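*Asks:* Turn this into a model:
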Amino acid sequence: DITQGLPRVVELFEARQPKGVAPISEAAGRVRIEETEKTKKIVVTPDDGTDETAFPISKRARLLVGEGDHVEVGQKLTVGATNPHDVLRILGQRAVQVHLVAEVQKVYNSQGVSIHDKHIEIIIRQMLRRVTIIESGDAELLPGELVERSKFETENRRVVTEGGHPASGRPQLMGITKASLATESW
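*Replies:* Numbers count the residues shown, from 1 in each chain. Next up is the structure itself:
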């Protein structure tokens, strides 16, 4: 099911969706299982009382947490491989950095290969440079366009002075190919 060799590394560095994806909880609280004809669902009720979270999964996948248990904010709900995007969105930048470094180092340590972590950290830093705009504001940035963090910060710094509304963005993780082709030098 899961990739195990060089394809695993290629998948990790391309920020692709893993094969054996294992959904992770979005909010801590209570968990219940809803069995359906030709489909299964996990419903999570947060202690805050906000909206429920529904994770649909297939019959084959083996559950990891029983019904009515207590789940943490970053707790897996199934056996598989966590995807970088969800962990980033739910636990910030440091969590995804640690996750990517550890996952990349496991593959190499399996075959007894030694590499320092600064080499991996350089690439991981190059993968987390740009931010995606979700609020238009009045900073001359359209929603949904990726901008390097430096440009976005200097734009907001100019706007905040002698201006009211900044622009708000969200961190974005992109693979090596998309990051390399989206450069400033044609």
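
*Asks:* now the strands for the protein?
*Replies:* Counting by DSSP state E, the chain has strands at residues 29-36, 39-46, 53-57, 70-71, 130-133, 146-148, 169-171.

*Asks:* Other residues contacting the shortest one?
*Replies:* Contacting residues not belonging to strand 70-71 are listed as 25, 28, 29, 30, 31, 44, 65, 77 [Cβ atoms under 8 Å, 6 or more residues apart in numbering]. In this view, the C-beta of every residue, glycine as well, is placed from N, C-alpha and C.

*Asks:* mind listing the helices for this structure?
*Replies:* For the chain, the helices defined by DSSP state H occupy 6-13, 84-110, 117-127, 149-160, 176-181.

*Asks:* So what's the residue count around residue 62?
*Replies:* Applying other Cβ atoms under 10 Å, we find 8 residues neighbouring residue 62.

*Asks:* Contact partners for residue 21?
*Replies:* Counted by Cβ under 8 Å, 6+ apart, residue 21 has contacts 80, 81, 82, 83.

*Asks:* okay, now residue 79: neighbour count?
*Replies:* A count of neighbours around residue 79, defined by other Cβ under 10 Å, yields 13.

*Asks:* what's the distance between it and residue 60?
*Replies:* As judged by Cβ to Cβ, to the nearest Å, residue 79 and residue 60 stand 11 Å apart.

*Asks:* OK, contacts around the residue lying farthest from the centre of the chain?
*Replies:* Most distant residue from the mean C-alpha position of the chain: residue 162, 35.6 Å away (Cα atoms, centre = their mean). By Cβ under 8 Å, 6+ apart, the contact set of residue 162 is empty.

*Asks:* State the distance from it to residue 76.
*Replies:* According to Cβ to Cβ, residue 162 and residue 76 sit 48 Å apart.

*Asks:* Residue 90 too?
*Replies:* For residue 90 relative to residue 76 (Cβ to Cβ), the value is 12 Å.

*Asks:* ok, now residue 101?
*Replies:* Counting by Cβ to Cβ, the gap from residue 101 to residue 76 is 19 Å.

*Asks:* Quick check: residue 41 touching residue 32?
*Replies:* No. Taking contacts as Cβ atoms under 8 Å, residue 41 lies outside contact range of residue 32: 9.1 Å.

*Asks:* Understood, closing this out.
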